[PDB]
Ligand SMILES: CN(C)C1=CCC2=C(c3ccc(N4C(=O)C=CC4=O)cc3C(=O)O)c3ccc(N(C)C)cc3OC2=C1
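Have a look below at one chain only, the form deposited without tetramethylrhodamine-5-maleimide (RHO), in structure tokens format.
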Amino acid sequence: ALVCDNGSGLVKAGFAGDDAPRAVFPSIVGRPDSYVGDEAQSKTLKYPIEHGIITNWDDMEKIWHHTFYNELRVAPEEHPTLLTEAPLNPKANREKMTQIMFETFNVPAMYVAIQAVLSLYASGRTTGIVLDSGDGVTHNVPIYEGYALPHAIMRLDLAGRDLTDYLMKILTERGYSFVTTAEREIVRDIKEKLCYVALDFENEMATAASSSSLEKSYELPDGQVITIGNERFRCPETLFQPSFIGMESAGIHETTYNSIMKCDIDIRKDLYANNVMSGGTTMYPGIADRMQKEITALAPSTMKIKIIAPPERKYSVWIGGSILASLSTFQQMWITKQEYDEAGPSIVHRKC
């Protein structure tokens, strides 16, 4: 079976039963008659997925064909294919993915799983609450015995690309100039290399104000060496206080809490003890300790709280897919070509 995890920024693709994706490449299509993903990267670019939701279907077909043919070297008509989706995904989109897989790619079998749920599986759990934060969107997804609890899911627009754009803004306020699309990629690299989550925002602002102890240098492609100081932790602080970029949302600690509070009292303790971090935007050093501190301050004083931050969490959605698609007991769960022929795209609602 194939496993394809389509993100707003990065596609992760490979074979069920493997420990890691074979291909990780940008979720882009480029035109000057069109180039896809890593081919487009080597050369106007469009992202077919926005905030985790597929919005350009023709370009999404290009991404999928590139995945099957170029990245995995397979004919999709010969492999059951597991795909992933956002924890909240419009009904019409679920049908269109299904329609395309059966009618365009002629897959023999298909299934679509919620991204955050797969990450939980990759951590060795069937119960817990996942914070999955990527390039385009963030969700909190409470999960009991393998199944997301849809009424308790929380969503934030805020994710990694917004964090990059904010780092550009505050570095520009410092006296640099980061405004172009190329500069966006440079600042993404700065973010990934040098940013971290402060345990206490104010305390670290004070250290940065009165000393150079938190400063790091970065050699730009153009040869200027810049210095990054409080920007290192101000950038990801936005996750905890979205008002830094004018967003009204609760921060990720409060959305975690709010999600747990919408669940049955009998499972809340299990959720609090199994907070699993997923996605590239959870990679900041310090994030687990900060989450622990913030959730402790919101939760009952008696509550046992644990934040799990798997080292492999850039790829845990994919790994979870690999685990699920290669389970013997999953064999009966696939949507078959016959089922699709009889029920149409609407089959996805009954089976996934």
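Start at 1 and count along the sequence shown; that's the residue number.
According to the entry, the deposited sequence has 4 to 9 residues without coordinates between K43 and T44.
Coordinates are lacking for 10 or more deposited residues between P32 and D33. Annotation for 244-252 versus 106-114: the higher mean temperature factor (C-alpha) is found in 106-114. Comparing the deposited coordinates for 157-165 and 120-128, the stretch with the larger average C-alpha B-factor is 120-128. The PDB entry gives the largest Cα B-factor of the residues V137, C235, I267, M277 to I267. You'll see in the entry that, of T302, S27, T296, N56, the Cα B factor peaks at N56. For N6, the recorded CA temperature factor ranks within the middle third of the chain's modelled residues. Among the modelled residues of its chain, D189 has a C-alpha B-factor that falls in the lowest third according to the deposited record. In the PDB entry, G223 places in the lowest third of its chain by CA B-factor. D38: CA B factor in the highest third of modelled residues in this chain (values from the PDB entry).
Annotation for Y196: CA B-factor lies in the lowest third of the chain's modelled residues.
Absent from the display: the form deposited with tetramethylrhodamine-5-maleimide (RHO) bound. The rest refers to it.
In the modelled overlay, tetramethylrhodamine-5-maleimide (RHO) taken from its pose in the entry with it bound has three or more atoms closer than 2.4 Å to backbone or C-beta atoms of this form, which marks the pocket as blocked. Listed residues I305, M291, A325, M60 were compared with tetramethylrhodamine-5-maleimide (RHO) in the entry with it bound; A325 is the one with a heavy atom within 4.5 Å. Here is the short version: of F240, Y272, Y111, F102, the single residue with a heavy atom within 4.5 Å of tetramethylrhodamine-5-maleimide (RHO) in the entry with it bound is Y111. Although the partner is absent here, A343 is not a contact residue: none of its heavy atoms lies within 4.5 angstroms of tetramethylrhodamine-5-maleimide (RHO) in the entry with it bound. By the criterion of a heavy atom within 4.5 Å, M333 is counted among the residues contacting tetramethylrhodamine-5-maleimide (RHO) in the entry with it bound.
Contacts between 154-188 and tetramethylrhodamine-5-maleimide (RHO), taken as any heavy atom within 4.5 Å in the entry with it bound, involve no residue at all. Rigid-part assignment between the shown form and the other one: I295 and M333 end up in two different parts.
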